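*Asks:* Quick one: this structure, given as structure tokens, is what I'll be asking you about.
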Amino acid sequence: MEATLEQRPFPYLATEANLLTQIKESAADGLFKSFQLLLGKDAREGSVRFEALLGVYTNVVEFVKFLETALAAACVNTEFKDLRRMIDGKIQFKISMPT
Amino acid sequence: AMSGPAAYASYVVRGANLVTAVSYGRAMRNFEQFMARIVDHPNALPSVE
Amino acid sequence: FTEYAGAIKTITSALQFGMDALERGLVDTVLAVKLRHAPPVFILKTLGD
Amino acid sequence: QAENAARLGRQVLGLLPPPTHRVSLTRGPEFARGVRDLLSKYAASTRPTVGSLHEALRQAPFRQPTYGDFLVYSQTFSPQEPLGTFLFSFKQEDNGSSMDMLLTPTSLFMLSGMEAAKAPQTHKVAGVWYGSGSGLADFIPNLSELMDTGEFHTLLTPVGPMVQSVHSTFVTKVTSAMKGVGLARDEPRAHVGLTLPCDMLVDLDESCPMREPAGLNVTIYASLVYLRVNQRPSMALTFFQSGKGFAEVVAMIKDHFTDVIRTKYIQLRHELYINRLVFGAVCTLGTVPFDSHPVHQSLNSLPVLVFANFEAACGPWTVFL
């Protein structure tokens, strides 16, 4: 990005030394780049104008625990530390049937 | 019956916005709030409340 | 500082994303266990009597 | 002023190759505590944080490429480039103390002299970086005879992508990259990828699907084809992007260049010169990781692809036909 000129009404500062000598020649043959002439009927501070940010609006993901869903009433939850160690689980039922 | 505001909300640019508004050509809604997060609490996560 | 502390916010929000995409894994697979063992009404109803 | 020198105490002692793992036996089993990067399964918690895993991120693999430093005439290397082009080191004879000749693929299109319709995009762009084709032909007077007997694919050594180029009026310095990911100079903490013009690249894997397996690897191949146009010998350089392995693509490149084989070899029913039988060569420009999207760009227009995470690994030239 090349830095450009702009006519925005800066709070300019004054220097003790002058500038004005040999400027009229230097507009015709370029001593320096980035210059723009201004005649006295239009040499002023321009009306300041802008655009704006009005907000940065961002979603927040509220996490939903499995234990605090009401789905978990259909399950029995046990914290089991080392589950990679287990091979197989097994539950045994014994049903007696009277006559 | 209902209840609400009677007047419009206010948004005028103060001196902190006006330096950016003249020079940089941009302004920003509630510059004092952006200062509370970028330079004052840079590791505050964006919460809801 | 605000590049550093703006980088520690990104990596947590990438990693809070890590855990909370796995808590959805519970609610997926538990519901996926139920549907494997869920026959419809018209099959099971007359077996109920 | 020594605070500036205290910075070099930090950065140089922080950036070193890791030293050799050597522990005396009288210390005991302390050496097992000195092995951290081989540990690859870090523990997690209910709410993990950076402070729980700042040790986990600290071990990183050891990656440092080997650069190339070339001193080039400012006429051959065009003074403006997109900083990621591919290169070639042409070599004939050490005549000077240190002068080197470098060829971008836009420049090698100008020494070729093929028709405009083979590459309809780069011909306008490569015609404005250079003259009519005699600005570069003055340095190699044998471009008629290097095409006949077919020695041109033996004189190119593929180098890789650019990194940095400081330009002066007569002499242009070129900093190239080999072995992998070149570090970007101007932007800190960035990585220079390899950029090809969209016109020169020819994709190989393209299906409706109407299934192919995935992998970690896809290898860019360079190609260079000897041909004849207007009864004058000229070359043609194309690129390939495929992960099919070397046993397939040699059969696949033959199907791409079917017409070029046929239109040449109509001539040799009349004259059969054994020097003319050599046709083309294929090098290996290094691997690309899988599923990286090549992103289209636009320059001046000129559309230019880009490959993030490119690594270079040069290979031989093998003569396919």
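Ordering of the structure tokens sets the chain letters (A, B, ...); residue numbers start at 1 within each chain; ligands are numbered from 1 in the order shown.
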Do me a favour and pick out the residues of chain A within 6 Å of chain B, using only C-alpha atoms, as a PyMOL selection string.

*Replies:* chain A and resi 10+48+50-54

*Asks:* Suppose we keep C-alpha atoms; can you now write the selection as a compact mmCIF listing (two decimals), in the first residue's frame?

*Replies:*
# COMPACT_ATOMS: atom_id res chain seq x y z
CA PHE A 10 -5.42 18.15 10.55
CA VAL A 48 -15.15 16.34 8.07
CA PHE A 50 -16.43 9.47 8.19
CA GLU A 51 -17.87 5.98 8.49
CA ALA A 52 -18.23 4.00 11.69
CA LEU A 53 -18.18 0.68 13.48
CA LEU A 54 -21.42 0.21 15.39

*Asks:* Pick out the residues sitting within 12 Å of residue A:3, and hand them over as a PyMOL selection string; count only C-alpha atoms, and ignore anything fewer than 3 positions along from it in its own chain.

*Replies:* chain A and resi 6+33-34

*Asks:* Give me a file of those residues, with N, CA and C atoms, as a short mmCIF file (atom, residue, chain, number, x, y, z; two decimals), in the first residue's frame.

*Replies:*
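Produced file result13.cif, reproduced below:
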data_model
loop_
_atom_site.label_atom_id
_atom_site.label_comp_id
_atom_site.auth_asym_id
_atom_site.auth_seq_id
_atom_site.Cartn_x
_atom_site.Cartn_y
_atom_site.Cartn_z
N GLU A 6 -4.02 13.27 1.63
CA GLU A 6 -5.42 13.48 1.97
C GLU A 6 -5.60 14.89 2.50
N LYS A 33 7.17 14.97 -4.71
CA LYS A 33 5.92 14.32 -5.06
C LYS A 33 4.88 14.62 -3.99
N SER A 34 3.65 14.14 -4.23
CA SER A 34 2.50 14.25 -3.34
C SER A 34 2.18 15.72 -3.03
#

*Asks:* Do you have the atom CA of residue D:17-atom CA of residue D:3 distance handy?

*Replies:*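 Pair atom CA of residue D:17 / atom CA of residue D:3 returns 24.6 Å.
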
*Asks:* Run DSSP on the backbone and give me the residues of stretch 26-134 of chain D it puts in helix (DSSP H, G or I), as an MDAnalysis selection string.

*Replies:* chainID D and resid 31:34 50:53 105:112 116:118 122:128 134

*Asks:* Keeping only C-alpha atoms, write the selected residues to a file as a PDB file, in the first residue's frame.

*Replies:*
ATOM      1  CA  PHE D  31      17.857 -39.337  31.472  1.00  0.00           C
ATOM      2  CA  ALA D  32      14.277 -40.625  31.222  1.00  0.00           C
ATOM      3  CA  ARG D  33      13.181 -37.235  32.569  1.00  0.00           C
ATOM      4  CA  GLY D  34      15.088 -35.598  29.706  1.00  0.00           C
ATOM      5  CA  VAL D  50      -3.349 -23.136  28.120  1.00  0.00           C
ATOM      6  CA  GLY D  51      -1.724 -23.267  31.560  1.00  0.00           C
ATOM      7  CA  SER D  52      -2.502 -26.984  31.601  1.00  0.00           C
ATOM      8  CA  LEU D  53      -1.046 -27.470  28.103  1.00  0.00           C
ATOM      9  CA  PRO D 105       8.746 -20.428 -16.058  1.00  0.00           C
ATOM     10  CA  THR D 106       7.477 -17.236 -17.683  1.00  0.00           C
ATOM     11  CA  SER D 107      11.026 -16.618 -18.912  1.00  0.00           C
ATOM     12  CA  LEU D 108      11.493 -20.164 -20.206  1.00  0.00           C
ATOM     13  CA  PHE D 109       8.277 -19.690 -22.176  1.00  0.00           C
ATOM     14  CA  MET D 110      10.042 -16.863 -24.030  1.00  0.00           C
ATOM     15  CA  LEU D 111      13.121 -18.926 -24.935  1.00  0.00           C
ATOM     16  CA  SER D 112      10.771 -21.693 -26.121  1.00  0.00           C
ATOM     17  CA  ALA D 116       0.202 -18.472 -28.549  1.00  0.00           C
ATOM     18  CA  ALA D 117      -2.731 -20.895 -28.368  1.00  0.00           C
ATOM     19  CA  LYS D 118      -0.811 -23.425 -26.251  1.00  0.00           C
ATOM     20  CA  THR D 122       0.971 -16.002 -20.017  1.00  0.00           C
ATOM     21  CA  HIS D 123       1.986 -14.947 -23.549  1.00  0.00           C
ATOM     22  CA  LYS D 124       0.756 -11.392 -22.950  1.00  0.00           C
ATOM     23  CA  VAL D 125       2.302 -11.277 -19.481  1.00  0.00           C
ATOM     24  CA  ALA D 126       5.649 -12.807 -20.456  1.00  0.00           C
ATOM     25  CA  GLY D 127       5.754 -10.523 -23.495  1.00  0.00           C
ATOM     26  CA  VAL D 128       5.798  -7.426 -21.304  1.00  0.00           C
ATOM     27  CA  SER D 134      16.241 -11.961 -28.301  1.00  0.00           C
TER      28      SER D 134
END

*Asks:* Contacts from chain B to chain C, 7 Å maximum, only C-alpha atoms: show me the residue list as a ChimeraX atom specification.

*Replies:* /B:38,42-43,45

*Asks:* Could you dump the residues just selected with N, CA, C and O atoms as a compact mmCIF listing (two decimals), in the first residue's frame?

*Replies:*
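File result.txt, as written:
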# COMPACT_ATOMS: atom_id res chain seq x y z
N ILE B 38 -9.29 -3.72 24.92
CA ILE B 38 -8.06 -3.96 24.17
C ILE B 38 -6.83 -3.62 25.00
O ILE B 38 -5.89 -4.40 25.09
N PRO B 42 -6.97 -7.41 28.25
CA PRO B 42 -6.82 -8.03 26.92
C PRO B 42 -7.14 -9.51 26.89
O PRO B 42 -7.39 -10.05 25.81
N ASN B 43 -7.12 -10.19 28.04
CA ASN B 43 -7.39 -11.63 28.09
C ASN B 43 -8.75 -11.94 28.71
O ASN B 43 -8.95 -13.05 29.23
N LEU B 45 -12.37 -13.10 28.34
CA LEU B 45 -13.14 -13.81 27.34
C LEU B 45 -14.51 -13.16 27.16
O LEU B 45 -15.09 -12.65 28.12

*Asks:* If DSSP is run on the backbone, what residues of stretch 10-79 of chain D are strand (DSSP E)? A reply as an MDAnalysis selection string would be ideal.

*Replies:* chainID D and resid 66:73

*Asks:* Take the residues that were just selected and, keeping N, CA, C and O atoms, output them as a CSV table (one decimal), in the first residue's frame.

*Replies:*
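Below is the file again.csv, written as the result:
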chain,number,residue,atom,x,y,z
D,66,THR,N,17.4,-25.3,3.9
D,66,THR,CA,18.7,-24.8,3.4
D,66,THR,C,18.5,-23.9,2.2
D,66,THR,O,18.0,-24.4,1.2
D,67,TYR,N,18.9,-22.7,2.4
D,67,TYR,CA,18.6,-21.7,1.4
D,67,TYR,C,19.7,-21.7,0.3
D,67,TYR,O,20.8,-22.3,0.4
D,68,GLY,N,19.4,-21.0,-0.8
D,68,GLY,CA,20.3,-20.8,-1.9
D,68,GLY,C,20.5,-19.4,-2.2
D,68,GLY,O,19.5,-18.6,-2.3
D,69,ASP,N,21.8,-19.0,-2.4
D,69,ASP,CA,22.1,-17.6,-2.7
D,69,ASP,C,22.7,-17.4,-4.1
D,69,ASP,O,23.8,-18.0,-4.4
D,70,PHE,N,21.9,-16.8,-4.9
D,70,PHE,CA,22.3,-16.6,-6.3
D,70,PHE,C,22.5,-15.2,-6.7
D,70,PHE,O,21.7,-14.3,-6.2
D,71,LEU,N,23.5,-14.9,-7.5
D,71,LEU,CA,23.8,-13.6,-7.9
D,71,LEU,C,23.6,-13.5,-9.4
D,71,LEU,O,24.3,-14.2,-10.2
D,72,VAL,N,22.6,-12.8,-9.8
D,72,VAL,CA,21.9,-12.8,-11.2
D,72,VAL,C,22.1,-11.5,-11.8
D,72,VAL,O,22.1,-10.5,-11.2
D,73,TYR,N,22.3,-11.5,-13.2
D,73,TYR,CA,22.1,-10.3,-14.0
D,73,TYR,C,20.7,-9.8,-13.8
D,73,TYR,O,19.7,-10.6,-13.7

*Asks:* For residue D:140, list every protein, DNA or RNA residue within 12 Å, evaluated using only C-alpha atoms, and leave out those in the same chain fewer than 4 positions away; present the list as number ranges by chain.

*Replies:* D: 76, 90-93, 101, 111, 133-136, 144-147, 152

*Asks:* When you draw a straight line from atom CA of residue B:17 to atom CA of residue A:60, how long is it in Å?

*Replies:*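 Separation of atom CA of residue B:17 and atom CA of residue A:60: 28.7 Å.
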
*Asks:* At a cut-off of 7 Å, can you tabulate as JSON lines every residue of chain A near chain C together with its closest atom pair and the distance in Å to one decimal, using only C-alpha atoms and ordering rows by chain then number?

*Replies:*
{"residue": "A:63", "atom": "CA", "partner": "C:20", "partner_atom": "CA", "distance": 6.2}
{"residue": "A:65", "atom": "CA", "partner": "C:23", "partner_atom": "CA", "distance": 6.6}
{"residue": "A:66", "atom": "CA", "partner": "C:27", "partner_atom": "CA", "distance": 6.2}

*Asks:* Which residues are near residue D:236? Cut-off 7 Å, only C-alpha atoms, ignore same chain within fewer than 4 positions. Put them as a ChimeraX atom specification.

*Replies:* /D:112,224-226

*Asks:* What does the distance from atom CA of residue A:36 to atom CA of residue A:17 come to in Å, to one decimal?

*Replies:*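 Distance between the two atoms: 21.9 Å.
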
*Asks:* Give me the residues near stretch 250-262 of chain D as a list in words, where near means some atom within 8 Å (using only C-alpha atoms) and where sequence neighbours in that chain fewer than 4 positions away do not count.

*Replies:*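 Counting only C-alpha atoms, the residues come to residues 204, 227, 246, 266, 320 and 321 of chain D.
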
*Asks:* With N, CA and C atoms retained, export the selected residues as an mmCIF file, in the first residue's frame.

*Replies:*
data_model
loop_
_atom_site.group_PDB
_atom_site.id
_atom_site.type_symbol
_atom_site.label_atom_id
_atom_site.label_comp_id
_atom_site.auth_asym_id
_atom_site.auth_seq_id
_atom_site.Cartn_x
_atom_site.Cartn_y
_atom_site.Cartn_z
ATOM 1 N N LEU D 204 -4.066 -33.556 -12.847
ATOM 2 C CA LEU D 204 -4.148 -34.921 -13.343
ATOM 3 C C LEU D 204 -5.319 -35.683 -12.738
ATOM 4 N N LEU D 227 9.719 -30.527 -29.031
ATOM 5 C CA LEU D 227 8.821 -30.626 -30.173
ATOM 6 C C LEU D 227 9.327 -29.741 -31.302
ATOM 7 N N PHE D 246 4.519 -42.922 -8.864
ATOM 8 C CA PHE D 246 5.320 -42.741 -10.073
ATOM 9 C C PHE D 246 5.003 -43.785 -11.140
ATOM 10 N N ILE D 266 5.430 -38.109 -37.434
ATOM 11 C CA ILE D 266 5.117 -38.198 -38.856
ATOM 12 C C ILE D 266 6.352 -37.850 -39.688
ATOM 13 N N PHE D 320 11.070 -39.848 -20.399
ATOM 14 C CA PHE D 320 9.907 -40.655 -20.732
ATOM 15 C C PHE D 320 9.606 -40.560 -22.222
ATOM 16 N N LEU D 321 9.019 -41.629 -22.751
ATOM 17 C CA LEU D 321 8.501 -41.639 -24.114
ATOM 18 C C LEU D 321 7.469 -42.740 -24.327
#

*Asks:* For each of D:171, D:274, D:25, D:299, take the minimum atom-to-atom distance to residue D:197, counting only C-alpha atoms, then give the residue where this is smallest.

*Replies:*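 Checking each of D:171, D:274, D:25, D:299 against residue D:197, counting only C-alpha atoms, the winner is D:299.
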
*Asks:* Return the neighbours of chain C among the residues of chain D, cut-off 9 Å, counting only C-alpha atoms, as a list in words.

*Replies:*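 Interface list for chain D against chain C: residues 46, 47, 48, 49 and 50 of chain D.
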
*Asks:* Can you write just those residues out, C-alpha atoms, as a JSON list (two decimals), in the first residue's frame?

*Replies:*
[["chain", "number", "residue", "atom", "x", "y", "z"],
["D", 46, "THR", "CA", -12.67, -31.37, 32.63],
["D", 47, "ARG", "CA", -11.79, -27.77, 31.75],
["D", 48, "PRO", "CA", -8.32, -27.78, 30.14],
["D", 49, "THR", "CA", -6.59, -24.45, 29.66],
["D", 50, "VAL", "CA", -3.35, -23.14, 28.12]]
